[PDB]
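Below you'll find the structure, written out as structure tokens, and then a few comments.
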Amino acid sequence: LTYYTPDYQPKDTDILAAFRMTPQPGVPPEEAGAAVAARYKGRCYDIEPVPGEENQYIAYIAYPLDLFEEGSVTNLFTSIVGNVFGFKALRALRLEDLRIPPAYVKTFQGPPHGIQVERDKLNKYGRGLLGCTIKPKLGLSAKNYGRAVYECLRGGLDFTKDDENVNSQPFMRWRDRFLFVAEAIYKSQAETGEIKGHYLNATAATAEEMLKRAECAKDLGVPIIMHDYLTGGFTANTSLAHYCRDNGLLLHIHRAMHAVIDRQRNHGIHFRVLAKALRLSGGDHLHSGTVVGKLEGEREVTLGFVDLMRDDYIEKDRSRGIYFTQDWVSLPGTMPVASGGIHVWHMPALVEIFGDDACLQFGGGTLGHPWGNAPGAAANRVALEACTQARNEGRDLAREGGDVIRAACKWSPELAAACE
Amino acid sequence: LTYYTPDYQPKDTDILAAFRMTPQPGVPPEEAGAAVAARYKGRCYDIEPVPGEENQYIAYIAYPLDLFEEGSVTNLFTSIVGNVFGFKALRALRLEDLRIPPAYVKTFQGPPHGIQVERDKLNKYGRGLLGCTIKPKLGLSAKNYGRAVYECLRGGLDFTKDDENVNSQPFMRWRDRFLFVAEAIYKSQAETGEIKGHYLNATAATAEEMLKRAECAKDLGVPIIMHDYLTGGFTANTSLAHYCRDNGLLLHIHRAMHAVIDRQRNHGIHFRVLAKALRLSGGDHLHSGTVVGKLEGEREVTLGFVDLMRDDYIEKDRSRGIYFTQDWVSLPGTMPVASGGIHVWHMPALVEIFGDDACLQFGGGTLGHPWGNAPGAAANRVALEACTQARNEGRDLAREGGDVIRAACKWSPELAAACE
Amino acid sequence: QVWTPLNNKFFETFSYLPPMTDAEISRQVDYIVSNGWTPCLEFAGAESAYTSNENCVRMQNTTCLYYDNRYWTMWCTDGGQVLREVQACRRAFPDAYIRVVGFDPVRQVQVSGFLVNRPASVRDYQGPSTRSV
Amino acid sequence: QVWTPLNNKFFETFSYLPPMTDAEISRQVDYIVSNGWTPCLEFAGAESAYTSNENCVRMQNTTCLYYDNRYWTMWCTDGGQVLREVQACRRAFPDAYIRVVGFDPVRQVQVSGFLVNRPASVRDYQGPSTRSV
């Protein structure tokens, strides 16, 4: 096998992939790794069997740096996973991890601002950010959408966001929504005195239309926009990220259509690779998990991709799914956004798991507070601040979250109607 | 006859026309319908005689959807009524109605905002809008035009408008008028606290000049402009409507030269077809009737084209002149504007006939109030609000309009000088 | 007589009629409920009641159709309940204008909006007889 | 109950909790010191405490992410020293909000920022029970 070189030592500039592959019976693992690998040739340098699985192996592939176009996530995905999931010799194939060498990382702009620049621009420190998804999902007029945005933001929420499928429809054209949301953002800012924002959806049919929506957001002076990178495409995302860096706009990224590629354990691309591709292409926030009942998915896997998308240097940790040491050479980090049913008594768990550098999203639209949207937002803000204060005092949140919530509720009438 | 197919069932994508035709003596109706009809061939599928008329028949023509250019009212009118009114075999010919299939409707942008977006932007609900035509028609300087605008708007009127023939003349250039009207609009807004507007005439010789005037209106921040679509042309109107959608401007449409095409019962195009062409091309308001003495024209016909230009789904109703069911598939509606001599005691009738989704225009320039323009505007506003309040209480306006007007006059000194 | 331009502010629908009584407000709310619409209450103090251009300083390109204070603050079965809420809002915020709004639950659009309360403390508005001098 | 929109200003972190006592401030400063960070004190009077768009009039192209009064005025070993400085700042500027800031000395970035003082004289803010009416 010219393409299986177990004695090869990967270079400091090689792009490395870790494939979890299940070959068809009768096909030796070395032959299957050689096929995936097949001066500019990709080579399989390491194959390890998965202990506790049926005929499953991890194949490590090394690609020369000259194979890829500088600063192009599109080309990287075309080269690595263009036509390899269609090999008949493989029953199942799953890309688990990528190693982006610093030499390649330096060719990317990365996220427009990052976590620290975001915190400095918004003047919010020492706590997680809070967001809500305006509900109902669709049918609402731009005026009523703006009213809901203002009501939720004035309560104490830092962000609101358009629904993932809200781009521009007969019921609510995009420019009307942008104008009414801008009025709501400014009203809530004047009322509370804190900087507010709303994830305006710029996702559109053509790059020209998407840039026009970003331009309108820039002309209104609003802080942040939103994009669907897995449906819009890396090419559209990279254009939007370059624009946002040029014009000082924050960029929230929603991972629509992700489960179509990262759900099945045997086939597809693991979300961590999609998260690294997003960080390379550019995004200040990246919807990274759902909290149905509780944070779903293995905690270690979540922590692994959160560290991969946040930290500057992540050492190899197979326990958390890190197959390679990832040096980001000072590329700005991406803030993970945990969305879903974030109930008030579940805030301590998520604050403990994520820390301060994350945005908790109430994608359920809240509305569970009997008093209204604004008091519900206040209750959430009070709960988050109380949990953060308790954690800063040395309390163990996983053991005293209920006590902290009760103690905060003892003095908060808004949280009292929420804790019931 | 290859073009008369009485057994043909029109497709869901066919464009249907209902022609009222009077053939020359000796010409059978089937032959005349075949001629008007004559894979891409128009066909006469239905002919009904008009009971109570002399040799008058209604011919139904079906045109394939592939015949027309997407989003082009110009092409639609070229295809349907390009050269068919010049047939010698027809003594008279009148296009009565059109059926625009949803497939075609979806290719049009439609009105820039529509009625509901207009109400939300202007923050005016539950009542008709009020407007005045600045008088004298011509000769007034831009300064004096602005003074008249400010005086009429401060009284309580929601809109004022340029005269139909006021575009740009030696006596009053257009940019001077735009600036003085902007100052007047802002002064009246500051004084009353309500959002005001003035229909600035953008109708010009070249599309470039028209877009420049629209651009000036956009740069002043004023809310609304005006266009003469039947004299400027559908091509110019569609450009202006696209611009207004792009830049968040309202668009009032005046139907100059309409009677040259929709007055005679035997020849021409019925106003309802022109109203549907305007709604397709784009317009937030459309001058739809005159109130000389009282609302002129058959009430049912007026109600029919008002419903056709307002509602989303209008079922076939031959009593009101609806020859076909019209599905608008969520295209924004157009607000009808009834202008002319709207006297104070005639307000209850028009409020009953039109409802809240209409603009009543005092094209006479008011001035009949002995006190001034501003108190006359107030009297009109008081009368309209009193009629609306009475209608909301369950009163029958057509029977108690005088009582409501008197009761409002009992407490309104401004209306007392108007009711005399 | 001359329409006074001093302290003569207005609030759109029904603002040019004399101040509505409890029975008139009740009848208007009953009309809103009869149509199938939902009534709610908006309120704003004198500092955020009238339209303004305070935030236009942050905008470029155009400010067409943008005005501040179009949104008020939100405060629904029949006229009596809305009247009770009107009294509650009056007691809680005596120096605030109260506005009754209507919302079509099917189209999800605002269909109604009329002022029902003018703070006696604030004097930015005139009375039916003092509107002309 | 209804979140009050009148005199209900807030100052980001820990602003929605009841006013922190000396022991609570001390514990927060000890947390900042434990992480290896440097605590300092910021203060601003009521005229320059809230965000504003006063200087946006001088700008073109865009004003995205620009807000005035984000910077306060600067006023660091343990909680007791920072508490003593808090009392000193209170005495020197009684009508000024005081904010404790944290700075990571290695990354040279701000890592903390919570208000620890609200001037009794100023009434632009509510209390934990008066936040809803």
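The chains in the structure tokens are called A, B, ... from first to last as shown; in each chain the residues are counted from 1, and the ligands are counted from 1 in the order shown.
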Go through chain C residue by residue and, counting only C-alpha atoms, keep those with an atom at most 7 Å from chain B; for each kept residue give the shortest atom pair and its distance in Å to one decimal, ordered by chain and increasing number, as a tab-separated table.
```
residue	atom	partner	partner_atom	distance
C:1	CA	B:371	CA	5.6
C:2	CA	B:375	CA	7.0
C:3	CA	B:375	CA	5.8
C:5	CA	B:191	CA	6.3
C:8	CA	B:192	CA	6.4
C:9	CA	B:192	CA	4.7
C:10	CA	B:192	CA	5.8
C:11	CA	B:194	CA	6.6
C:12	CA	B:124	CA	6.1
C:13	CA	B:125	CA	6.7
C:14	CA	B:385	CA	5.7
C:16	CA	B:382	CA	5.7
C:17	CA	B:382	CA	6.5
C:27	CA	B:393	CA	6.2
C:28	CA	B:392	CA	6.6
C:31	CA	B:392	CA	5.9
C:50	CA	B:193	CA	5.4
C:51	CA	B:193	CA	5.9
C:62	CA	B:219	CA	5.9
C:63	CA	B:221	CA	5.2
C:64	CA	B:221	CA	4.3
C:65	CA	B:223	CA	5.6
C:70	CA	B:123	CA	6.7
C:111	CA	B:125	CA	6.0
C:112	CA	B:125	CA	5.0
C:113	CA	B:125	CA	5.5
C:128	CA	B:412	CA	6.4
C:129	CA	B:413	CA	6.8
```
Find the residues in chain C near chain D: any atom within 9 Å counts, using only C-alpha atoms. Write them as a PyMOL selection string. chain C and resi 44-45+55+57-61+73-75+92-93
Counting only C-alpha atoms, the residue of A:171, A:229, A:68, A:271 that sits nearest chain B: A:171
Report the distance between atom CA of residue 172 of chain B and atom CA of residue 145 of chain B in Å, rounded to one decimal place. 9.0 Å
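Distance-wise, atom CA of residue 176 of chain A and atom CA of residue 197 of chain B end up 18.5 Å apart.
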Go through chain A and flag each residue having an atom no more than 10 Å from chain B; for those, report the closest pair of atoms plus their distance in Å to one decimal, using only C-alpha atoms, ordered by chain and rising number, as JSON lines.
```
{"residue": "A:141", "atom": "CA", "partner": "B:117", "partner_atom": "CA", "distance": 8.2}
{"residue": "A:142", "atom": "CA", "partner": "B:117", "partner_atom": "CA", "distance": 8.0}
{"residue": "A:143", "atom": "CA", "partner": "B:120", "partner_atom": "CA", "distance": 6.1}
{"residue": "A:144", "atom": "CA", "partner": "B:120", "partner_atom": "CA", "distance": 9.1}
{"residue": "A:169", "atom": "CA", "partner": "B:330", "partner_atom": "CA", "distance": 9.5}
{"residue": "A:170", "atom": "CA", "partner": "B:330", "partner_atom": "CA", "distance": 5.9}
{"residue": "A:171", "atom": "CA", "partner": "B:330", "partner_atom": "CA", "distance": 7.5}
{"residue": "A:172", "atom": "CA", "partner": "B:117", "partner_atom": "CA", "distance": 8.9}
{"residue": "A:173", "atom": "CA", "partner": "B:113", "partner_atom": "CA", "distance": 8.8}
{"residue": "A:175", "atom": "CA", "partner": "B:248", "partner_atom": "CA", "distance": 7.6}
{"residue": "A:176", "atom": "CA", "partner": "B:117", "partner_atom": "CA", "distance": 7.8}
{"residue": "A:179", "atom": "CA", "partner": "B:248", "partner_atom": "CA", "distance": 9.3}
{"residue": "A:180", "atom": "CA", "partner": "B:121", "partner_atom": "CA", "distance": 8.8}
{"residue": "A:212", "atom": "CA", "partner": "B:246", "partner_atom": "CA", "distance": 9.9}
{"residue": "A:216", "atom": "CA", "partner": "B:247", "partner_atom": "CA", "distance": 9.9}
```
Env of residue 62 of chain A: 12 Å cut, atoms = only C-alpha atoms, seq-sep filter 3 positions within chain, self excluded. Answer as a PyMOL selection string. chain A and resi 3-6+8-19+33-34+36-46+59+65-67+80+98-101
Produce a file of the selected residues containing C-alpha atoms, as an mmCIF file, in the first residue's frame.
```cif
data_model
loop_
_atom_site.group_PDB
_atom_site.id
_atom_site.type_symbol
_atom_site.label_atom_id
_atom_site.label_comp_id
_atom_site.auth_asym_id
_atom_site.auth_seq_id
_atom_site.Cartn_x
_atom_site.Cartn_y
_atom_site.Cartn_z
ATOM 1 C CA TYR A 3 -0.967 5.261 0.860
ATOM 2 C CA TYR A 4 -0.653 3.497 4.237
ATOM 3 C CA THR A 5 2.606 4.620 5.872
ATOM 4 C CA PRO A 6 2.542 3.660 9.568
ATOM 5 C CA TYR A 8 5.272 8.414 8.685
ATOM 6 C CA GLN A 9 5.680 11.311 11.101
ATOM 7 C CA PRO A 10 3.160 14.088 10.357
ATOM 8 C CA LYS A 11 4.688 17.467 9.586
ATOM 9 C CA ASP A 12 4.012 20.671 11.568
ATOM 10 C CA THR A 13 2.071 21.966 8.544
ATOM 11 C CA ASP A 14 -0.009 18.871 7.735
ATOM 12 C CA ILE A 15 -3.786 18.954 8.056
ATOM 13 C CA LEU A 16 -4.756 15.855 10.033
ATOM 14 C CA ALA A 17 -8.104 14.063 10.006
ATOM 15 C CA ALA A 18 -9.289 11.295 12.333
ATOM 16 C CA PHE A 19 -11.831 9.098 10.552
ATOM 17 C CA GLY A 33 -7.461 3.533 5.500
ATOM 18 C CA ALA A 34 -5.297 3.419 2.365
ATOM 19 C CA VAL A 36 -9.543 7.096 2.375
ATOM 20 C CA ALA A 37 -5.944 8.432 2.185
ATOM 21 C CA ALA A 38 -5.937 7.995 -1.633
ATOM 22 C CA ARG A 39 4.008 14.824 -2.779
ATOM 23 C CA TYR A 40 0.321 15.938 -2.778
ATOM 24 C CA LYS A 41 -1.053 12.513 -1.792
ATOM 25 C CA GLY A 42 -2.990 12.086 1.469
ATOM 26 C CA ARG A 43 -1.560 9.230 3.512
ATOM 27 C CA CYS A 44 -2.804 7.032 6.340
ATOM 28 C CA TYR A 45 -0.064 7.146 9.004
ATOM 29 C CA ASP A 46 -1.959 5.654 11.992
ATOM 30 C CA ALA A 59 -7.800 6.161 10.676
ATOM 31 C CA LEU A 65 -0.561 22.099 3.373
ATOM 32 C CA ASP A 66 -0.182 22.873 -0.382
ATOM 33 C CA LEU A 67 -3.430 20.999 -1.101
ATOM 34 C CA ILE A 80 -11.339 16.321 3.022
ATOM 35 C CA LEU A 98 -9.382 17.827 12.314
ATOM 36 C CA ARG A 99 -5.960 19.277 13.076
ATOM 37 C CA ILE A 100 -5.611 22.735 11.528
ATOM 38 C CA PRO A 101 -1.899 23.638 11.547
#
```
Run DSSP on the backbone and grab whatever in segment 67-177 of chain A lands in strand (DSSP E or B); send it over as JSON, numbers by chain. {"A": [90, 91, 92, 93, 94, 95, 96, 97, 98, 99, 129, 130, 131, 132, 133, 159, 160, 161, 169, 172]}
Could those residues be written to a file, using N, CA, C and O atoms, as a CSV table (one decimal), in the first residue's frame?
```
chain,number,residue,atom,x,y,z
A,90,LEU,N,-16.6,0.9,2.5
A,90,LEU,CA,-16.8,1.3,3.9
A,90,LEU,C,-18.3,1.2,4.2
A,90,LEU,O,-19.1,1.8,3.5
A,91,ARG,N,-18.6,0.3,5.2
A,91,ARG,CA,-20.0,0.3,5.6
A,91,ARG,C,-20.5,1.6,6.2
A,91,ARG,O,-21.6,2.1,5.9
A,92,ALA,N,-19.6,2.2,7.0
A,92,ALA,CA,-19.9,3.5,7.6
A,92,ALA,C,-18.6,4.3,7.8
A,92,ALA,O,-17.5,3.7,8.0
A,93,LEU,N,-18.7,5.6,7.7
A,93,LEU,CA,-17.5,6.5,7.8
A,93,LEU,C,-18.0,7.7,8.6
A,93,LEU,O,-19.0,8.3,8.2
A,94,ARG,N,-17.1,8.2,9.5
A,94,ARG,CA,-17.5,9.4,10.3
A,94,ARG,C,-16.2,10.2,10.6
A,94,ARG,O,-15.3,9.7,11.3
A,95,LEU,N,-16.1,11.4,10.1
A,95,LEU,CA,-15.0,12.3,10.4
A,95,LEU,C,-15.2,12.8,11.9
A,95,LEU,O,-16.2,13.4,12.2
A,96,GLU,N,-14.2,12.5,12.7
A,96,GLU,CA,-14.3,12.8,14.1
A,96,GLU,C,-13.6,14.1,14.5
A,96,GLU,O,-14.1,14.9,15.3
A,97,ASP,N,-12.4,14.4,13.9
A,97,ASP,CA,-11.6,15.6,14.3
A,97,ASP,C,-10.8,16.0,13.2
A,97,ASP,O,-10.5,15.3,12.2
A,98,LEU,N,-10.3,17.3,13.2
A,98,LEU,CA,-9.4,17.8,12.3
A,98,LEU,C,-8.3,18.5,13.1
A,98,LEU,O,-8.5,19.0,14.2
A,99,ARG,N,-7.1,18.5,12.5
A,99,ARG,CA,-6.0,19.3,13.1
A,99,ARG,C,-5.6,20.3,12.1
A,99,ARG,O,-5.1,20.0,11.0
A,129,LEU,N,-24.3,35.6,29.1
A,129,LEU,CA,-25.3,36.5,28.5
A,129,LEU,C,-26.6,35.7,28.3
A,129,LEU,O,-26.6,34.5,28.4
A,130,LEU,N,-27.7,36.5,28.2
A,130,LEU,CA,-29.0,35.9,28.1
A,130,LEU,C,-29.7,36.4,26.9
A,130,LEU,O,-29.6,37.5,26.4
A,131,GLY,N,-30.5,35.4,26.3
A,131,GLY,CA,-31.2,35.7,25.1
A,131,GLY,C,-32.5,35.0,25.0
A,131,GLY,O,-32.7,34.0,25.7
A,132,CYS,N,-33.4,35.5,24.2
A,132,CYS,CA,-34.7,34.9,24.0
A,132,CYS,C,-35.0,34.8,22.5
A,132,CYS,O,-34.6,35.7,21.7
A,133,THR,N,-35.8,33.8,22.1
A,133,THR,CA,-36.2,33.7,20.7
A,133,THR,C,-37.7,34.2,20.7
A,133,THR,O,-38.5,33.6,21.3
A,159,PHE,N,-30.1,39.9,25.0
A,159,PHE,CA,-30.3,39.7,23.5
A,159,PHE,C,-31.7,39.2,23.3
A,159,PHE,O,-32.3,38.5,24.1
A,160,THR,N,-32.2,39.4,22.1
A,160,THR,CA,-33.3,38.7,21.5
A,160,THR,C,-32.9,38.3,20.1
A,160,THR,O,-31.8,38.7,19.6
A,161,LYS,N,-33.6,37.4,19.5
A,161,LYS,CA,-33.2,36.8,18.2
A,161,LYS,C,-34.4,36.5,17.3
A,161,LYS,O,-35.5,36.2,17.8
A,169,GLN,N,-40.8,37.3,4.7
A,169,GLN,CA,-42.0,36.6,4.2
A,169,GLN,C,-43.1,37.6,3.9
A,169,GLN,O,-43.0,38.7,4.4
A,172,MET,N,-44.2,39.3,7.1
A,172,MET,CA,-43.2,40.2,7.8
A,172,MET,C,-42.0,40.4,6.9
A,172,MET,O,-41.1,39.5,6.9
```
Enumerate as a PDB file with C-alpha atoms, in the first residue's frame all residues of chain D assigned to alpha helix (DSSP H) by DSSP on the backbone, naming them with the chain letters and numbers the document uses.
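What follows is the written file out-v9.pdb:
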```pdb
ATOM      1  CA  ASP D  22     -19.532  45.191  52.888  1.00  0.00           C
ATOM      2  CA  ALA D  23     -19.063  41.456  53.468  1.00  0.00           C
ATOM      3  CA  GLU D  24     -20.494  40.593  50.043  1.00  0.00           C
ATOM      4  CA  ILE D  25     -18.292  43.174  48.282  1.00  0.00           C
ATOM      5  CA  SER D  26     -15.333  41.788  50.247  1.00  0.00           C
ATOM      6  CA  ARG D  27     -16.119  38.235  49.128  1.00  0.00           C
ATOM      7  CA  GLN D  28     -16.416  39.342  45.497  1.00  0.00           C
ATOM      8  CA  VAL D  29     -13.075  41.161  45.697  1.00  0.00           C
ATOM      9  CA  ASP D  30     -11.526  38.074  47.303  1.00  0.00           C
ATOM     10  CA  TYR D  31     -12.849  36.020  44.392  1.00  0.00           C
ATOM     11  CA  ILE D  32     -11.239  38.453  41.948  1.00  0.00           C
ATOM     12  CA  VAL D  33      -7.935  38.340  43.846  1.00  0.00           C
ATOM     13  CA  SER D  34      -8.013  34.517  44.122  1.00  0.00           C
ATOM     14  CA  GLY D  79     -10.731  42.694  49.917  1.00  0.00           C
ATOM     15  CA  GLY D  80     -10.102  44.933  52.915  1.00  0.00           C
ATOM     16  CA  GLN D  81      -8.041  47.466  50.973  1.00  0.00           C
ATOM     17  CA  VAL D  82     -10.616  47.676  48.179  1.00  0.00           C
ATOM     18  CA  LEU D  83     -13.349  48.117  50.790  1.00  0.00           C
ATOM     19  CA  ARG D  84     -11.390  50.956  52.401  1.00  0.00           C
ATOM     20  CA  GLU D  85     -11.009  52.548  48.973  1.00  0.00           C
ATOM     21  CA  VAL D  86     -14.758  52.110  48.423  1.00  0.00           C
ATOM     22  CA  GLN D  87     -15.469  54.064  51.615  1.00  0.00           C
ATOM     23  CA  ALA D  88     -12.914  56.696  50.589  1.00  0.00           C
ATOM     24  CA  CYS D  89     -14.564  57.086  47.175  1.00  0.00           C
ATOM     25  CA  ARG D  90     -17.982  57.272  48.846  1.00  0.00           C
ATOM     26  CA  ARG D  91     -16.798  60.095  51.100  1.00  0.00           C
ATOM     27  CA  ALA D  92     -15.057  61.973  48.279  1.00  0.00           C
TER      28      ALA D  92
END
```
Which residues are close to residue 275 of chain A, i.e. within 12 Å by only C-alpha atoms, leaving aside same-chain residues fewer than 3 positions away? Reply as a ChimeraX atom specification. /A:73,96-98,111,229-230,253-255,258,262,269-272,278-289,302,304-310,333-337
